[PDB]
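Structure 1 and structure 2, given next as structure tokens, are two forms of the same protein chain, each shown alone.
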Structure 1
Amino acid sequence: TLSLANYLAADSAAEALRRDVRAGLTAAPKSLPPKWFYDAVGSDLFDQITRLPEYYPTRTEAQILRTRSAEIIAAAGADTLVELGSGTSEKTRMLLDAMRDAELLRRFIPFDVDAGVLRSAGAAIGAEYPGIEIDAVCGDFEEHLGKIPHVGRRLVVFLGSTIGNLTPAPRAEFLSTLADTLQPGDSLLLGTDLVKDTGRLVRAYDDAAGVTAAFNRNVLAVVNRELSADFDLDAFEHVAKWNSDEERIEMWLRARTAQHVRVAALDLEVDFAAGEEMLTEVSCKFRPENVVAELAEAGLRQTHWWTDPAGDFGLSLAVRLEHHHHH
């Protein structure tokens, strides 16, 4: 059966956007938070990104998952799959199938922000695996992970290398609060894209076909629609840079010419000097030794580690770290 629990107010999304755009456009370095890439148009564009020749990470992680699903499930020994975020639908089925193969499948707990996407995919998963207890949560990572049920022993999965779109401090902060939700006997499966040839890294985030560029520009179309703004989309160049100090890709929007921009709903006036760049995303790439470290710092011990043949991408399986104190 299905049980959906909706923790997002109707105006929670509207109000956070106002809040965010106002801070982003008035900061000395202008910026916009990546979460706003994912309206209907944006998210279809991202789905198209997962199929681009240059954009290896989705298909690499998918491929590892394919090989290791049986093994993950034997190691988790869980009857309950929690999926943090959705939009990794084919990957979900791999984990669900492997749980069924093992005669262990009992409960599915998707956790996303679109109640409609949840509501639908539940009827589809509920179709394919009859007899399953689906408990969808409409909630937000930074507030509502606590809302996720701790009944049974659970495999909690965070795929799509989303965790890389957070900078060190809020990334440590999210890993830690997430670690707190795990009961003894639960496991976290986490995906992390790895440091590699930087030319391949830059190309992955600025494809030949200009799709990423559209994806990037569309955040302005979002602001235009939702907050009555007049961003000239054609006036901003998509630029992807590799930051070797932070070992991350950064996406920017660079004004070709001097732009003056009005956000009417916010009664905000913004100016873009010619060539001025606006930060819209970072994508952090990990080193195998540091994943183990950031995990332990979060309160999690790696129990398993899997890479694709070319060492492009990592999957980790972790359990709550425990200590023996001395006084």
Structure 2
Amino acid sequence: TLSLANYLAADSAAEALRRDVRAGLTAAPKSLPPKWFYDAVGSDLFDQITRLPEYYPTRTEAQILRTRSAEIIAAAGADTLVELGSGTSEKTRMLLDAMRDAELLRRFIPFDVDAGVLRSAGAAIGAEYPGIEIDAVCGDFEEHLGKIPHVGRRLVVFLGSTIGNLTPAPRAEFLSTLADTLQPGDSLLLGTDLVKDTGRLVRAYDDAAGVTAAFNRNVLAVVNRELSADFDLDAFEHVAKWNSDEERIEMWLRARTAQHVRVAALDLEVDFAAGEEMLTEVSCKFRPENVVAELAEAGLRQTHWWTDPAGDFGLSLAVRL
């Protein structure tokens, strides 16, 4: 009853991954793709982040899920739960319980770039819900959504405001593509962190424990290990900023001094100037009405909207137009 499909394993997929890292490192303003945070070490660092006092999103969303999962399941009526950027799927157990309770649960399809997190969560869920079929998919949710099985009536969930780690142009492409993988009867549950006080927003990405910093820097450890690079992690400092124009948090890594870095697997040497900054992640924060309009543009209609009392975070349920 357990399966794993691995689409990131192909050299065709590897080439695209490496091409995107190369483009980031060779652009006039440097960047790295957010997906490279998530090797085994990074997946655990994010798990640490979810427990920080500063990082309100996980517990806020979990509280909405704890109190609204029945409602969500009743509206979706799905027998199949698809989770994008699933990670450890800890919040997802609330959804799985509610589907099981409703006597609908037949299948769980976790989808992640990290196959380790898939094998762990997959084996766990497989045991916690005997008789369920598990179809783990290792892929890039910007490239491999078409590989998610079309079986049954599906609730696709994208929690944790991961959607905000895409800038508006690829975000629109992603949502349009996602919409086009949905069949009649399918649903999207989307978590979106909302615009709020920016002290709160910036602190959630710049905790006093240094955890987010370590998580940010680890992207250099991943590149170092996997692409034969020689970034000096000590040479770069974590920077979190509020971009008010784009209404998004931005994580940067800034060079303390001039750095000269080879990435051997890419046949690539790059340099940083003193004080030069590299963009490692964006975290877009949303206004409620813009979420409605973004879904609509993609060909999706918001049918349900749930928020916490303080309006820190929203969950949307959407169907095809």
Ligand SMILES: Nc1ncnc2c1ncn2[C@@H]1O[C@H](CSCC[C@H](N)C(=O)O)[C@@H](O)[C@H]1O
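The term rigid core refers to the most C-alpha atoms you can superpose between the two forms while keeping them within 1.5 Å. Structure 1's sequence is the ruler for residue numbers, which start at 1.
Give me a 1 or a 2 for the form deposited with the named molecule bound.
Pick structure 2 here.
2 Å-or-more CA mover between structures 1 and 2, where superposition uses the core and the choices are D140, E250, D206, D193:
After core superposition, the single residue displaced by 2 Å or more is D140.
Next item on the list: Please check if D267 moves between structures 1 and 2, taking a CA shift of 2 Å or more relative to the superposed core as movement.
Entry: It does, since the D267 C-alpha is displaced 2 Å or more between structures 1 and 2 after the core fit.
>> Does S12 shift between structures 1 and 2 by 2 angstroms or more at the C-alpha, the core having been superposed?
In response: Indeed, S12 is displaced by 2 Å or more.
- prompt: Is the C-alpha displacement of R119 equal to or greater than 2 Å between structures 1 and 2 once the rigid core has been superposed?
  reply: The answer is yes; the displacement is at least 2 Å.
Check the Cα of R107 between structures 1 and 2 on a core superposition and give its shift in Å. Superposing on the rigid core gives a C-alpha shift of 2.4 Å for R107.
- Task: Quick one: how many Å does the C-alpha of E297 shift between structures 1 and 2 once the rigid core is superposed?
- Result: Taking the core as reference, the C-alpha of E297 is shifted 0.4 Å.
### Message
Keeping the rigid core superposed, can you check how far the CA atom of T88 moves between structures 1 and 2, in angstrom?
### Response
Displacement of the alpha carbon, after core fit: 4.8 Å.
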